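One chain follows as structure tokens, the form deposited in one PDB entry.
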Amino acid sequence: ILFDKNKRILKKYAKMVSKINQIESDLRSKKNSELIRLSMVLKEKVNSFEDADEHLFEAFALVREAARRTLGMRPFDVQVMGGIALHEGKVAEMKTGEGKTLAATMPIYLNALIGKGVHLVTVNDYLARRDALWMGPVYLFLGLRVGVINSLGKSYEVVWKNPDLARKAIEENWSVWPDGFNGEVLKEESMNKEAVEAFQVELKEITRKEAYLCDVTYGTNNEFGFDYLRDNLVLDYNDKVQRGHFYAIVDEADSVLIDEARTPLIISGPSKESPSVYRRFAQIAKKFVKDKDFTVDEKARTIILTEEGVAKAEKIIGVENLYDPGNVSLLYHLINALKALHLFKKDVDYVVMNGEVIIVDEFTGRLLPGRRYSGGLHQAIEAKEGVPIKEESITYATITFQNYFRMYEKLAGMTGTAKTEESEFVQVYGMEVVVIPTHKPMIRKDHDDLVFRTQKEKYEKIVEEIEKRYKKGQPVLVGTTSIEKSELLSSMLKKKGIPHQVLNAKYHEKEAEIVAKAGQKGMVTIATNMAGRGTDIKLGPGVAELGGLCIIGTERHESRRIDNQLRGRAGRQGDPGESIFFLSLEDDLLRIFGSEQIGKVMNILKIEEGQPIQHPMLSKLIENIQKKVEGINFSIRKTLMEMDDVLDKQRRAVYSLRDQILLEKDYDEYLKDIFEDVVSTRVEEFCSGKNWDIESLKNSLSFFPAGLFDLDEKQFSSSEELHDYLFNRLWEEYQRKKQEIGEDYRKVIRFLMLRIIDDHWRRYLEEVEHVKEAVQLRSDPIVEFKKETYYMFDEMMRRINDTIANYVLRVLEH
């Protein structure tokens, strides 16, 4: 960093806004018909990022006009500035209440013209619907289709409430905003009510695919990521719903890209297996005779059913062929139960303390309570031990939000709180942060921090402060970091007789309705973890006079971003307001750094028991403490990211393979490769160089059915002759099965391949998660984790290929 980047950039944005301001005169004279015709022309002229830059001024001024006429809202110059930052793939830092929702319409429109889709990401289903409907008239007016995706499979399109009336309003030159009103903001009285009615919108349901084929798609960070994961769980390539990752704008950018991104996105579902089927197979397993019905490979830790074993299995269960596609779960259950019984031993690999099965960690020799074996093996052991079988979700797929959002050709974000952790946006996502000036002077009184010796006196004083403000009539919004802390404060206020509401960040539409009233005289609101996030809190009558909304932070976070989010809920659009952060020496933050030092100063200065210390220099120290904790946490999380990214490259390889399988008509070439890999790895291992261990080779191939290889009385002239024999037998039997089964064999094979690969990938994820924890607790861990994953991944592929080879030869046999 060799210069003041932010100033440099704004200098350019100011000139651009000036040019956009100049265009306004012209467009404002236009009729709605002409503006739509201009939209059509821009459509034809913009087919790439290069074209968009050429027509940005026109596009931005056009959206501003559409918004004025359909919403009665004219984007302020600073919203236009934020829109440019977004178009340039940066994070626009616009404070709370600056109108980010409307600022994004401009780059969304411009880039949507390219015709490849645009994703507007926000943080919950309520906000995605809200912003799509709120901004909808602008997009529809200009001829764009707007999709919305929500959880539970709900997909919508924004459409006019009355298309005929909307059509009339457009063809006739209607505007919510009357001609000759040259203000920045429209008084409510001045709104043309017929235009407001005409330009109303609503949601109609559409398919998820269609939501992605709209020109802009509104959704949540979860739903966009889930759709990509589900696209890689499909059984037919044509069932994928996304169409690339072209441009995404992430609203609440730090919440999504840093905070929510601390944990991976995971797709899971109910196992739908009765515990009774596990106990049944525990019983079935006991009837199997070792070295007659099966053999145990103690090195590979595997169970292999013999001919007589699968015959016994089929008779007991009872099916015609244990390896038929509909029987995959039954085979799985039998192997699990035999494995639990013969490869897992009580007081060695696990223990049964008090009705529960507990791992004996092989990495430390210590117990890992509550943590479970992969792939339902835990249930099998529980069933083996006759203890309660605990329910499990099935994890189908995973990706980090970092890796999801890095797929986009262009990425942008907007939030009020980004600059303090700009290097995270730069290093992780390649986006710098542009601090956009506020529309109005920011006059919120951000008081110096109060630090108490204990949490007990802190909370007592928090309640005293609330009582004081309530009696004055000045509304208070109190932020906490946990539902626990909220309900404790609520109890204390209830004892003082102070009416109030508690918002716990669970019911987003209802909490939005409630928090919208938080700025009215006498209101007291406790909001857990920014409950009601994104809803504007307007000040009620008489409130500005009392000093506006008073924000109380009941502690400070490890990231000042999150503190700044809370304080930003007051003082919006130049309103008066206040914030106060309360801390104690017993708080999490100060227990990390500073409790001791600050405690010494309090005693030196003879701060009274129950009283706080407060000083600009203390506020600075606290801010510096947060800088330090942020820097350390960022370092640690980046190490975790590096490990996730190793696993992500493997994921991309597996998904790529999966897609090719879905796209393949004929599996001849793939099975040649598989059979080659199955034979060659074993021939090189036992029969290359000096070695000639046909016995081990034979055992290594023992998972295959009898009747495939006869290695006992053959005398091969070379490893090549041996290789060719083994390959040819596999190939001959594959070709025979094509003839016996007919052309549906290909579909069967595709089904088995997908299942085998998905199953191995699911269980591999569960195991590398263990290694991830193991390496990061033996605390560079990147190198060690890399090599360990390689080994496991390599073995996974060995096992996938053997399993496919074996399954395709056994399936549908008579």
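What we label the rigid core is the largest C-alpha set whose atoms superpose within 1.5 Å from one form to the other. Numbers for residues come from their place in the sequence shown, where the first is 1.
Count the deposited residues lacking coordinates between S33 and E34 and you get none at all. Stretch comparison (289-297 versus 612-620) by mean CA B-factor in the PDB entry places 289-297 on top. Comparing the deposited coordinates for 150-158 and 97-105, the stretch with the larger average C-alpha B-factor is 150-158.
When the C-alpha B factors of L730, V80, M407, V357 are read from the deposited coordinates, the top value falls at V357. For the set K665, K538, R262, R469, the PDB entry assigns the largest Cα B-factor to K665. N801: CA B factor in the lowest third of modelled residues in this chain (values from the PDB entry). When the modelled residues of the chain are ordered by their C-alpha B factor, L752 lands in the lowest third. Per the deposited record, the Cα B-factor of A195 falls in the highest third when ranked against the other modelled residues of its chain. Ranked by Cα temperature factor within the chain, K12 sits in the lowest third according to the deposited record. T364 sits in the highest third of its chain by CA B factor, as recorded in the PDB entry.
In what follows, reference is made to the form deposited in another entry, a form of this protein that is not presented.
Residue shifts between this form and the one not shown, rigid core superposed: of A261, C687, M523, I206, the only C-alpha displaced by 2 Å or more belongs to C687. When the rigid core is held fixed, the Cα atom of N32 travels less than 2 angstroms between this form and the one not shown. In the core-superposed comparison between this form and the one not shown, the C-alpha atom of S374 has shifted by at least 2 angstroms.
After superposition on the rigid core, the Cα of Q739 moves by 2 Å or more between this form and the one not shown.
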